[PDB]
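As the structure lists them, so they are numbered: ligands from 1, and atoms in each ligand from 1. The analysis underlying the following values was restricted to heavy atoms, covering all of them including side chains, and did not include hydrogens, waters or symmetry mates. Numbers here simply count residues along the sequence, with the first being 1.
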Amino acid sequence: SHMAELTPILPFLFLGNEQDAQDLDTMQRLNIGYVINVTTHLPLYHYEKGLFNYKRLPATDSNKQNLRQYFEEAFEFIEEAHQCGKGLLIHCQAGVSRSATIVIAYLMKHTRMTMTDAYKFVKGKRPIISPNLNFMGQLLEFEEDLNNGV
Ligand SMILES: CCCc1scc2c1-c1nc(SCC(=O)C(C)(C)C)ncc1CC2
């Protein structure tokens, strides 16, 4: 059986892959009440139990997928979890390329880290991250917009 690793990037912000997202017991142990599913094809796990608030960012792992368009919507959901003292899990698939992009963007905007420091911070807690040059380029443009206040 799979040992579910729900990585706490921040005490209320967790990152995982598709198999980590299927462990209901771990999610309730960690006081998680919000889930962001960054895939088009995965089910919203545990949906039928009425335990969590869900948000789907229907993105693919392609070199042309636009994730920047979903940043603000994801940040608003994370902020709602933060304000009510609940944890939020963001997940995609094995290499966590999609979900780690949104986590890093949140750290850049709301923790005021640089892109590099945010990546290193996430990488230290979640060692296995599949690179995506397209998403990396979007984070670099996101950093410049933040540094310019746009
Ligand atoms: C976000 C900046 C990534 C940077 S800045 C300098 C390096 C890297 C880096 N990142 C990765 S994985 C991270 C991603 O690509 C996302 C999360 C977008 C999916 N693999 C290898 C390297 C080599 C060195």
Side-chain angles (χ1 to χ4, degrees), residues 2-23 26-27 29-47 52-83 86-150:
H2 173 77
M3 197 57 57
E5 182 65 26
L6 287 188
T7 310
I9 304 307
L10 301 171
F12 71 100
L13 187 58
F14 302 84
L15 167 72
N17 58 34
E18 56 196 303
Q19 296 191 96
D20 302 319
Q22 299 176 16
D23 190 0
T26 299
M27 290 190 60
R29 269 202 318 105
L30 297 174
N31 195 43
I32 293 173
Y34 291 74
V35 178
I36 295 183
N37 184 318
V38 199
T39 71
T40 65
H41 69 114
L42 292 187
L44 299 179
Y45 298 110
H46 319 289
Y47 183 88
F52 314 105
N53 294 118
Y54 294 89
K55 183 171 274 303
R56 183 190 294 277
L57 310 176
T60 21
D61 197 14
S62 79
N63 57 352
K64 281 179 281 295
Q65 169 71 49
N66 180 337
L67 284 183
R68 168 69 181 273
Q69 68 181 310
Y70 297 122
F71 283 2
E72 276 307 315
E73 172 175 19
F75 300 164
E76 293 166 359
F77 211 49
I78 295 165
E79 190 276 334
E80 183 183 335
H82 181 78
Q83 284 303 91
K86 288 278 189 181
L88 185 144
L89 163 69
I90 174 162
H91 80 85
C92 50
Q93 295 187 277
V96 304
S97 290
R98 284 162 281 179
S99 46
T101 297
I102 293 150
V103 166
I104 288 165
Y106 177 82
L107 295 176
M108 289 164 64
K109 175 158 187 194
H110 289 93
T111 322
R112 303 311 277 172
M113 305 178 80
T114 66
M115 177 191 68
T116 289
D117 289 331
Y119 163 69
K120 287 167 54 54
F121 183 83
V122 172
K123 176 82 169 192
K125 294 173 180 227
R126 187 97 189 176
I128 300 169
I129 302 179
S130 295
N132 183 302
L133 285 168
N134 165 44
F135 298 164
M136 291 184 49
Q138 292 175 51
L139 289 174
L140 184 58
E141 179 176 55
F142 188 54
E143 186 185 60
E144 183 71 36
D145 288 350
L146 286 175
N147 294 345
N148 290 343
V150 160

Quiz question for you: does at least one protein heavy atom lie closer than 4.0 Å to atom 6 (C) of ligand 1? no
Option passing side-chain hydrogen bond (donor to acceptor under 3.5 Å, both in side chains) with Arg98 (candidates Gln93, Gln65, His91): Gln93
Using a 4.0 Å cut-off to any heavy atom of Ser130, which atoms of ligand 1 qualify? 19 (C)
Between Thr116 and ligand 1, does any nitrogen or oxygen pair lie at a separation below 3.5 Å? no
Who's the nearest protein heavy-atom neighbour of atom 3 (C) of ligand 1, and how far? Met136 CE, 3.6 Å
Backbone, side chain, both or neither: what part of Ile104 comes under 4.0 angstrom of ligand 1, heavy atoms only? side chain
How far apart are the closest heavy atoms of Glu18 and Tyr45, and which atoms are they? O-CE1, 3.9 Å
Option from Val103, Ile128, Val38, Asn17 for which side chain to side chain contact (heavy atoms under 4.5 Å, CB included) with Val96 holds: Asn17
Which is closest to atom 18 (C) of ligand 1 by heavy-atom distance: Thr101, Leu133, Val103? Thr101
So if I apply the ring-ring contact (aromatic ring centres under 6.0 Å, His included) rule between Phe77 and each of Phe71, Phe52, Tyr106, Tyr34, which one comes out positive? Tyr34
Any chance OH of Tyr47 has more than 12 other-residue heavy atoms, nucleotides or ligands included, within less than 6.0 Å? no
Considering only the protein, which heavy-atom contact is closest to atom 8 (C) of ligand 1, and what is its distance? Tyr119 CE2, 3.9 Å
Among all the protein's heavy atoms, is there at least one whose distance to atom 11 (C) of ligand 1 comes out below 4.0 Å? yes
Is it the case that more than 12 heavy atoms not belonging to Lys120 sit under 6.0 Å from its NZ atom? no
